[PDB]
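Here's a solo chain for you in structure tokens, the form deposited in one PDB entry.
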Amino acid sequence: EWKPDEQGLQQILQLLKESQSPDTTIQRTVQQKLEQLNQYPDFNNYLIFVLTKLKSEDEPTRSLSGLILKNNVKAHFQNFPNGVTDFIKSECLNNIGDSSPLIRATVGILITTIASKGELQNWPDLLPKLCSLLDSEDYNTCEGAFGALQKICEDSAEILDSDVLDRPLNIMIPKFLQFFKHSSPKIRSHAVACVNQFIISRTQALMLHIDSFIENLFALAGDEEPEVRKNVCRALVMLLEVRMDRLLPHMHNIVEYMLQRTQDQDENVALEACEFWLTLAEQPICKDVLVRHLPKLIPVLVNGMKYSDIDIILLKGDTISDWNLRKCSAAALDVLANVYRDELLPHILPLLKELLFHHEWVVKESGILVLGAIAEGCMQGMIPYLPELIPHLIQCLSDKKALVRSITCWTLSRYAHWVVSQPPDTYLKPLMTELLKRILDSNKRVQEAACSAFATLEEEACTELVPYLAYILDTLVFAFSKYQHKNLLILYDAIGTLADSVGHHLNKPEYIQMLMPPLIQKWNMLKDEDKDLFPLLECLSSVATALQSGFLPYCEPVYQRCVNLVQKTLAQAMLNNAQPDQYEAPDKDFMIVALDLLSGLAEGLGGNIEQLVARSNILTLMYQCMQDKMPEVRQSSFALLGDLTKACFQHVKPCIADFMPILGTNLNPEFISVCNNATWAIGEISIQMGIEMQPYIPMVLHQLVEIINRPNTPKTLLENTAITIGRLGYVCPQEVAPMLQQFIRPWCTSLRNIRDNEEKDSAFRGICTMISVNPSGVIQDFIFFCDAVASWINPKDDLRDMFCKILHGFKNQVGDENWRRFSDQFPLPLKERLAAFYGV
């Protein structure tokens, strides 16, 4: 055994007395003395002695000794001697059922801590020992063992459900179920809590005893103890997700039970009971089994959506829980509205009409929340009531209480689509005017709500925002001086969404003069590796696309930062590929948006981006991105490639020899987005290159013909394929000519549905040069070529002559009598168009 030294022990007791000193200036001096002894082993051997052996000391003094020992395990267990731990673990299990509730708790937290920091495999004699303490005749020993077992089950769930401890769950789980019928409520609650840890994981030991579990759950249904109710509720909620089949026959009994528990006195029990409705609603059998309970369920949920008296104080002046009865009831009501749709209206409509116009703001606020929660589902049914509710809600935007104002913003944004469909002078105009007011609200929460609601309204209004663009920009710009932290990020979203809505209408000198200077300021002040950079990155990306040529005086610092982010991202990518454990993995999202912004500048600024391209390694980095394993990265790279090809090919041309083999291997139709941009890339390159395109053709030509022939291919992909093929045959027809008969069918089938733009023009210029070389392939399928040529409404005069020569060359080859019967299968507009526009 081990015996302590009295003199050393006396100073340890002194250290415990100094730790209990009320003065704050003394507590810091003793912690430094303990920190030195903490590193010293054998010191912990003294602490465990004071806790258990030394019973001549105060209960808080002994307990403090055991709790200091706990903190040493949480930090220095990697250095704990094997001789010491064996004594501590032996001393704890001998006092696991101490008479003193304070001592029993201290021993309890020690045992679970050793099994937490130190792995369970290092203490194999713990589990079978604890189970043997459950059958103990002593009560406190039983409780102490269960209290420890529950914490172990909570900490290490996956460990117990593995071959690490030789499957200890096959003994404990059947053992726990036998304690559901125990006398003490603390023991009964302990048992349920342990089993619940293995419901979702579908533990074999529990799944084969599922019938014994459910039967024992129903036995505890009418239990008065809240802690027991809570775990039973948690049990049924989990069981509802994994074993629906075994609950279905008893479903109606459960629903009536949960309905009473949702209305329970203790909010903790009600919250766990409320989770049932949220999980049940996402089941394909809900609509049938719950329809008989809807009249009773709806008012329960609505009543639970009110702010509690405790919540109101915490909000005035996040500061509240991330999840409570309010949010849970509201979430359940939302999904329920999506299940029954309009069938939920007779149960909610009469409730709303009392809530929305109630005098108590707390009651009124809840009604507004309800009205927004059922918006998505009961949309088509709320229509007749919207002409009354919407103007009322707009009035509620100027309510005295802030919590009423903020929720009204959200609820209004839920019905944003209907507002836009109506005449803008009736609903849209006052809504927009009042929202802009609430953006500059004094209350921070209302600011967030209004700015979020306005952003939602922008996606629905789109071009309807133009007549208000002057007022909108004034409000948003001014918000920069007020908005900080969480309020600032939402503001970027409101600005970016605006740019994606008004489009080129934003491009005006007075608008740019207000919007850009505060944006560039934030663009420079913000450091890298910041969580405020990304929302601004997406913001400017939208603005650059909208402003187009107006972004030129501000493109310099934006271009450089984007190139830097791409380079920095590729840097961390290499470090993570070589030493994954030592270096953090990079976030590709910052690089993808950066590439998209660069692609936006290349397209928006055109040839004015030429100088910035040469003074940077944008093409070198681009070469690396095209080889990345992530599809989204390769997609945004090829897009940037094609844009720079049109912007400034004189800087791109040197790197064509290396880009082409990459583009040729990325023509995989598996990745639609990547394949499309790649196909479009080589097309734009083919134009700038010219006759110099010949050595790169045979490695991509066979690829394109394959793609344009494969069935179930998306419309946009077939278009860009046909356009590219035609573009290849325009500069170098000789290599594409013999393939003409192979792709002549889907080429005309696809490009007959597109408008007469530049892409179509260059494509048809290529199909004419190839026909002039190989007129053979077009003969067999000439009916498709005629339909494709007739698709042209206003072709260029030189392109018209090309069409005319081919048509006349064909008519003078087969004869007139062979041309009439050939044109008898032509539709009415097809035959008349060719006969007049081309005179054939």
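The first residue of the sequence shown is number 1, and the count goes up from there. Between two forms, the rigid core is the largest collection of C-alphas that superpose within 1.5 Å.
In the deposited sequence, the stretch from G317 to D318 hides 10 or more residues that have no coordinates. If you average the C-alpha B-factors over 258-266 and over 74-82, the higher value belongs to 74-82. Note on 161-169 vs 232-240: mean CA B-factor is higher in 161-169. You'll see in the entry that, of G372, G108, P553, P124, the Cα B factor peaks at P124. The PDB entry assigns its highest CA temperature factor, among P509, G304, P350, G147, to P509. Ranked against the other modelled residues of its chain, the C-alpha B-factor of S673 as given in the entry falls in the middle third.
For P714, the recorded CA B-factor ranks within the highest third of the chain. Only modelled residues enter the ranking. In this PDB entry, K482 carries a Cα temperature factor that places it within the highest third of its chain's modelled residues. Split the chain's modelled residues into thirds by C-alpha temperature factor. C378 is in the lowest one. Ranked by Cα temperature factor within the chain, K444 sits in the middle third according to the deposited record.
Just so you know, the form deposited in another entry exists too; it's not on screen, but the next bit is about it.
Residue shifts between this form and the one not shown, rigid core superposed: of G600, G304, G372, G97, the only C-alpha displaced by 2 Å or more belongs to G600.
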